[PDB]
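Shown next as structure tokens: one chain only, the form deposited in one PDB entry.
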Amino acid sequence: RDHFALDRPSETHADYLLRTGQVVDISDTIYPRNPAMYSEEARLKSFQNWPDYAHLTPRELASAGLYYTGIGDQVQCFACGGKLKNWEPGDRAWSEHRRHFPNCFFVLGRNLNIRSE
């Protein structure tokens, strides 16, 4: 019969929460387009032999969700898929990433621990 007096009928898990919660962010997926550099450390490898005049720091790029494709000073976002070339002095690595691709789920909430609050 109705074990537990009901059997957790009202809300059980995501599959059930879908009725209201809904997992679909904005109906456009959101999985990384290059997990190879999902971790900051891994991203480091991306900048294997990072020049000294590129434009910005290699790590910072990783922290910004940018993976180097060996194309000179051209970096791209492995998450949403935002490539940017022809950088200039002053334009923050990801600062231009959002300007040309502001729909990056990483840009907004940053992602990763970095709780603080």
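Start at 1 and count along the sequence shown; that's the residue number.
A second form of this protein, the form solved in complex with a partner chain, is not displayed here; the remarks below concern that form.
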(request) Report whether the minimum heavy atom distance between residue 84 and the partner chain in the deposited complex is within 4.5 Å. (result) yes
(request) Answer for residue 74 alone: is it within 4.5 Å of the partner chain in the deposited complex, judged on heavy atom distances? (result) yes
(message) I'd like to know if residue 91 sits close to the partner chain in the deposited complex, meaning any non-hydrogen atom pair within 4.5 angstroms.
(response) yes
